[PDB]
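Listing of query30.cif, mmCIF, C-alpha atoms and all ligand atoms
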data_query
loop_
_atom_site.group_PDB
_atom_site.id
_atom_site.type_symbol
_atom_site.label_atom_id
_atom_site.label_comp_id
_atom_site.auth_asym_id
_atom_site.auth_seq_id
_atom_site.Cartn_x
_atom_site.Cartn_y
_atom_site.Cartn_z
ATOM 1 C CA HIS A 33 6.197 44.216 15.690
ATOM 2 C CA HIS A 34 6.323 42.811 12.130
ATOM 3 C CA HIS A 35 7.565 39.287 13.027
ATOM 4 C CA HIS A 36 4.395 37.203 12.438
ATOM 5 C CA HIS A 37 6.169 33.779 12.771
ATOM 6 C CA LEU A 38 5.553 32.607 9.165
ATOM 7 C CA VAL A 39 9.063 31.132 9.513
ATOM 8 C CA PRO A 40 10.593 28.927 10.832
ATOM 9 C CA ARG A 41 8.692 26.157 9.006
ATOM 10 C CA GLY A 42 7.666 22.626 9.959
ATOM 11 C CA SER A 43 9.332 19.488 8.612
ATOM 12 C CA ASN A 44 9.531 15.696 8.632
ATOM 13 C CA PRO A 45 12.033 14.024 10.956
ATOM 14 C CA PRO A 46 14.957 12.012 9.594
ATOM 15 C CA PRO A 47 13.624 8.571 8.544
ATOM 16 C CA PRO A 48 14.647 5.373 10.397
ATOM 17 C CA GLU A 49 18.103 3.929 9.688
ATOM 18 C CA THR A 50 18.382 1.180 7.060
ATOM 19 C CA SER A 51 22.156 0.722 7.610
ATOM 20 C CA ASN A 52 24.392 0.489 10.674
ATOM 21 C CA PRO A 53 27.922 -0.957 10.165
ATOM 22 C CA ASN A 54 28.494 -1.558 13.925
ATOM 23 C CA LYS A 55 25.135 -3.371 14.413
ATOM 24 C CA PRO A 56 25.198 -7.218 14.741
ATOM 25 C CA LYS A 57 23.756 -8.876 11.602
ATOM 26 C CA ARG A 58 22.888 -12.343 10.240
ATOM 27 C CA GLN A 59 21.282 -14.046 7.243
ATOM 28 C CA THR A 60 18.854 -16.662 8.621
ATOM 29 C CA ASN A 61 16.226 -18.693 6.726
ATOM 30 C CA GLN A 62 13.466 -16.971 8.742
ATOM 31 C CA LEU A 63 14.792 -13.527 7.685
ATOM 32 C CA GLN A 64 15.105 -14.694 4.050
ATOM 33 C CA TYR A 65 11.494 -15.976 4.236
ATOM 34 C CA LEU A 66 10.416 -12.615 5.737
ATOM 35 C CA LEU A 67 11.805 -10.855 2.627
ATOM 36 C CA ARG A 68 11.043 -13.530 0.006
ATOM 37 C CA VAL A 69 7.496 -14.452 1.127
ATOM 38 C CA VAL A 70 6.120 -12.208 3.916
ATOM 39 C CA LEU A 71 7.258 -8.725 2.797
ATOM 40 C CA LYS A 72 6.807 -9.265 -0.969
ATOM 41 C CA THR A 73 3.196 -10.555 -0.617
ATOM 42 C CA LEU A 74 2.165 -7.697 1.715
ATOM 43 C CA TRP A 75 3.934 -5.274 -0.677
ATOM 44 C CA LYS A 76 1.827 -6.453 -3.669
ATOM 45 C CA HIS A 77 -1.498 -5.975 -1.782
ATOM 46 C CA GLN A 78 -3.853 -3.144 -2.876
ATOM 47 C CA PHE A 79 -3.857 -1.630 0.659
ATOM 48 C CA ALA A 80 -0.019 -1.656 0.916
ATOM 49 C CA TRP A 81 0.746 1.735 -0.736
ATOM 50 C CA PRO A 82 0.231 4.031 2.312
ATOM 51 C CA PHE A 83 2.690 1.823 4.287
ATOM 52 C CA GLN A 84 5.410 1.618 1.561
ATOM 53 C CA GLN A 85 7.352 4.737 2.670
ATOM 54 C CA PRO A 86 7.829 6.944 5.759
ATOM 55 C CA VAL A 87 4.926 9.296 6.551
ATOM 56 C CA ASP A 88 5.351 12.672 4.836
ATOM 57 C CA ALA A 89 3.520 14.887 7.364
ATOM 58 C CA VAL A 90 3.904 18.000 5.150
ATOM 59 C CA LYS A 91 2.674 16.440 1.863
ATOM 60 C CA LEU A 92 -0.139 14.434 3.510
ATOM 61 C CA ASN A 93 -1.228 17.319 5.823
ATOM 62 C CA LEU A 94 -0.679 15.340 9.049
ATOM 63 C CA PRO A 95 1.214 17.972 11.102
ATOM 64 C CA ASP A 96 0.342 16.210 14.402
ATOM 65 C CA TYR A 97 1.720 12.825 13.198
ATOM 66 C CA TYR A 98 5.247 13.039 14.658
ATOM 67 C CA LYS A 99 3.871 14.828 17.751
ATOM 68 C CA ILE A 100 1.982 11.570 18.527
ATOM 69 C CA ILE A 101 4.143 8.898 16.801
ATOM 70 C CA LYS A 102 7.665 8.916 18.328
ATOM 71 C CA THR A 103 8.850 5.526 16.971
ATOM 72 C CA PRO A 104 7.741 5.608 13.290
ATOM 73 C CA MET A 105 8.097 2.601 10.965
ATOM 74 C CA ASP A 106 7.057 1.618 7.426
ATOM 75 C CA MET A 107 7.360 -1.308 4.975
ATOM 76 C CA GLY A 108 9.816 0.649 2.798
ATOM 77 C CA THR A 109 12.170 0.862 5.785
ATOM 78 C CA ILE A 110 11.671 -2.849 6.613
ATOM 79 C CA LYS A 111 12.258 -3.790 2.934
ATOM 80 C CA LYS A 112 15.512 -1.772 2.854
ATOM 81 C CA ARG A 113 16.570 -3.315 6.197
ATOM 82 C CA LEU A 114 15.939 -6.857 4.884
ATOM 83 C CA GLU A 115 17.721 -6.142 1.564
ATOM 84 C CA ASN A 116 20.709 -4.700 3.513
ATOM 85 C CA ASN A 117 20.755 -7.668 5.988
ATOM 86 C CA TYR A 118 20.222 -5.171 8.846
ATOM 87 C CA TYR A 119 18.615 -7.672 11.284
ATOM 88 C CA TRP A 120 20.132 -10.178 13.728
ATOM 89 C CA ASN A 121 16.987 -12.371 13.909
ATOM 90 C CA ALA A 122 13.337 -12.592 12.775
ATOM 91 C CA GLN A 123 12.099 -11.040 16.074
ATOM 92 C CA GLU A 124 13.702 -7.652 15.291
ATOM 93 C CA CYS A 125 12.010 -7.580 11.858
ATOM 94 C CA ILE A 126 8.656 -8.774 13.221
ATOM 95 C CA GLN A 127 8.853 -6.084 15.937
ATOM 96 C CA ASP A 128 9.220 -3.437 13.181
ATOM 97 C CA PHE A 129 6.045 -4.823 11.536
ATOM 98 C CA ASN A 130 4.276 -4.688 14.935
ATOM 99 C CA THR A 131 5.447 -1.083 15.451
ATOM 100 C CA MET A 132 4.106 -0.062 12.004
ATOM 101 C CA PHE A 133 0.626 -1.502 12.701
ATOM 102 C CA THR A 134 0.552 -0.227 16.319
ATOM 103 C CA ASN A 135 1.427 3.332 15.138
ATOM 104 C CA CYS A 136 -1.535 3.257 12.735
ATOM 105 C CA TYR A 137 -3.946 2.106 15.478
ATOM 106 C CA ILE A 138 -2.599 4.714 17.965
ATOM 107 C CA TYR A 139 -2.826 7.675 15.546
ATOM 108 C CA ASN A 140 -6.200 6.775 13.968
ATOM 109 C CA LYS A 141 -9.640 5.608 15.133
ATOM 110 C CA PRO A 142 -11.665 2.399 14.472
ATOM 111 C CA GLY A 143 -13.585 2.601 11.179
ATOM 112 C CA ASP A 144 -11.061 4.917 9.480
ATOM 113 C CA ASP A 145 -10.022 3.641 6.034
ATOM 114 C CA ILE A 146 -6.319 3.589 6.992
ATOM 115 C CA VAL A 147 -7.174 1.342 10.000
ATOM 116 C CA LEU A 148 -9.240 -0.955 7.721
ATOM 117 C CA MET A 149 -6.179 -1.134 5.444
ATOM 118 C CA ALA A 150 -3.889 -1.853 8.440
ATOM 119 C CA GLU A 151 -6.199 -4.589 9.822
ATOM 120 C CA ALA A 152 -6.346 -6.335 6.419
ATOM 121 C CA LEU A 153 -2.532 -6.276 6.170
ATOM 122 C CA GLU A 154 -2.142 -7.415 9.822
ATOM 123 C CA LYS A 155 -4.610 -10.271 9.225
ATOM 124 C CA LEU A 156 -2.543 -11.341 6.202
ATOM 125 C CA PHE A 157 0.776 -10.726 8.029
ATOM 126 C CA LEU A 158 -0.210 -13.054 10.902
ATOM 127 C CA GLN A 159 -1.245 -15.839 8.461
ATOM 128 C CA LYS A 160 2.157 -15.677 6.713
ATOM 129 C CA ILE A 161 3.931 -15.478 10.128
ATOM 130 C CA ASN A 162 2.295 -18.809 11.133
ATOM 131 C CA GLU A 163 4.055 -20.534 8.177
ATOM 132 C CA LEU A 164 7.545 -19.353 9.267
ATOM 133 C CA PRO A 165 10.393 -21.954 9.231
HETATM 134 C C1 LIG C 1 0.120 4.386 8.160
HETATM 135 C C2 LIG C 1 0.613 5.776 7.752
HETATM 136 N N1 LIG C 1 -0.510 6.663 7.611
HETATM 137 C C3 LIG C 1 -1.396 7.022 8.547
HETATM 138 O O1 LIG C 1 -1.413 6.622 9.713
HETATM 139 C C4 LIG C 1 -2.251 7.912 8.049
HETATM 140 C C5 LIG C 1 -3.306 8.574 8.538
HETATM 141 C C6 LIG C 1 -4.005 9.471 7.721
HETATM 142 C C7 LIG C 1 -3.583 9.666 6.400
HETATM 143 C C8 LIG C 1 -2.472 8.949 5.934
HETATM 144 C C9 LIG C 1 -1.947 9.039 4.633
HETATM 145 N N2 LIG C 1 -2.523 9.894 3.775
HETATM 146 S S1 LIG C 1 -3.178 9.344 2.377
HETATM 147 O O2 LIG C 1 -2.117 8.698 1.498
HETATM 148 O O3 LIG C 1 -3.778 10.517 1.604
HETATM 149 C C10 LIG C 1 -4.426 8.184 2.798
HETATM 150 C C11 LIG C 1 -4.177 6.832 2.572
HETATM 151 C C12 LIG C 1 -5.137 5.881 2.896
HETATM 152 C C13 LIG C 1 -6.351 6.273 3.456
HETATM 153 F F1 LIG C 1 -7.247 5.375 3.761
HETATM 154 C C14 LIG C 1 -6.606 7.622 3.692
HETATM 155 C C15 LIG C 1 -5.647 8.582 3.368
HETATM 156 CL CL1 LIG C 1 -6.022 10.258 3.684
HETATM 157 C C16 LIG C 1 -0.822 8.268 4.309
HETATM 158 C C17 LIG C 1 -0.264 7.420 5.274
HETATM 159 C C18 LIG C 1 -0.805 7.354 6.503
HETATM 160 C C19 LIG C 1 -1.866 8.111 6.792
#
Can you turn what I pasted into structure tokens?
Ligand SMILES: CCN1C(=O)c2cccc3c(NS(=O)(=O)c4ccc(F)cc4Cl)ccc1c23
Amino acid sequence: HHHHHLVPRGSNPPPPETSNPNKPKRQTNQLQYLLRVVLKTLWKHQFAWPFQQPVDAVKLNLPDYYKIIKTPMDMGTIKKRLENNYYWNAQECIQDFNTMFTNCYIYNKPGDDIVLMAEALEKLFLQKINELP
């Protein structure tokens, strides 16, 4: 038989939602600080770039990524969520940050460059989190 299964092809999943009209939302000073100070300083860092958008498993050649990571998260998604006032409190936003870092440590091993980048950002994240209102 001549069907060699060259199609159907692989793909990336739909990225996480940055809007939800029915979701409860607020603008708190902690959430404003998370956008104004915490997100924007992590975003400017030289190790930020791999975390600034959802993982493209096809482009980056990580076809096992969404087999292992079932709750993906990135700083681009958190930035859009903060800009759209998507969160109810700081805990929801901080949990997204925690998910992003945890995904990186689950998927990769100690010593990998991406983990060294994640640890540096987490170190810096936790310092900025200590100065929350
Ligand atoms: C945090 C998202 N992320 C990963 O977990 C991950 C593992 C392996 C490669 C890449 C990746 N590919 S990449 O841009 O070529 C890259 C970035 C930093 C690095 F140290 C190594 C690679 Cl291969 C982008 C985003 C992620 C990964």
Applying 9 Å and all atoms listed in the file, which residues near range 52-64 of chain A remain after dropping the ones on its own chain fewer than 6 positions away? List them as a VMD selection string. chain A and resid 114 117 to 122 125 164 to 165
Just to be explicit: take each residue in the selection above, keep C-alpha atoms, and write the result as an mmCIF file, keeping the file's coordinate frame.
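And here's again_32.cif as it stands now:
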data_model
loop_
_atom_site.group_PDB
_atom_site.id
_atom_site.type_symbol
_atom_site.label_atom_id
_atom_site.label_comp_id
_atom_site.auth_asym_id
_atom_site.auth_seq_id
_atom_site.Cartn_x
_atom_site.Cartn_y
_atom_site.Cartn_z
ATOM 1 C CA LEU A 114 15.939 -6.857 4.884
ATOM 2 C CA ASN A 117 20.755 -7.668 5.988
ATOM 3 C CA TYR A 118 20.222 -5.171 8.846
ATOM 4 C CA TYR A 119 18.615 -7.672 11.284
ATOM 5 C CA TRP A 120 20.132 -10.178 13.728
ATOM 6 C CA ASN A 121 16.987 -12.371 13.909
ATOM 7 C CA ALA A 122 13.337 -12.592 12.775
ATOM 8 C CA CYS A 125 12.010 -7.580 11.858
ATOM 9 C CA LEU A 164 7.545 -19.353 9.267
ATOM 10 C CA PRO A 165 10.393 -21.954 9.231
#
Counting only C-alpha atoms and all ligand atoms, what residues are within 8 Å of ligand LIG 1 (chain C), given as a list in words? residues 79, 81, 82, 83, 86, 87, 88, 92, 93, 94, 97, 106, 132, 133, 135, 136, 137, 139, 140, 144, 145, 146, 147, 148, 149 and 150 of chain A
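In terms of minimum interatomic distance to residue 74 in chain A, A:111 ranks closest within A:111, A:102, A:91, A:35, counting only C-alpha atoms.
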Might you spell out which residues the PyMOL selection byres (((chain A and resi 160) around 12) and not hetatm) would select in the displayed file, as a PyMOL selection string? chain A and resi 62+65-74+126+153-159+161-165
Non-local contacts of range 128-130 of chain A (8 Å; only C-alpha atoms; under 5 positions in same chain excluded) as JSON, numbers by chain: {"A": [105, 106, 107, 110]}
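Here the question is which of A:138, A:152, A:89, A:100 gets nearest to residue 45 in chain A using only C-alpha atoms, and that residue is A:89.
Reported to one decimal place, the separation of CA of residue 141 in chain A from CA of residue 77 in chain A is 22.1 Å.
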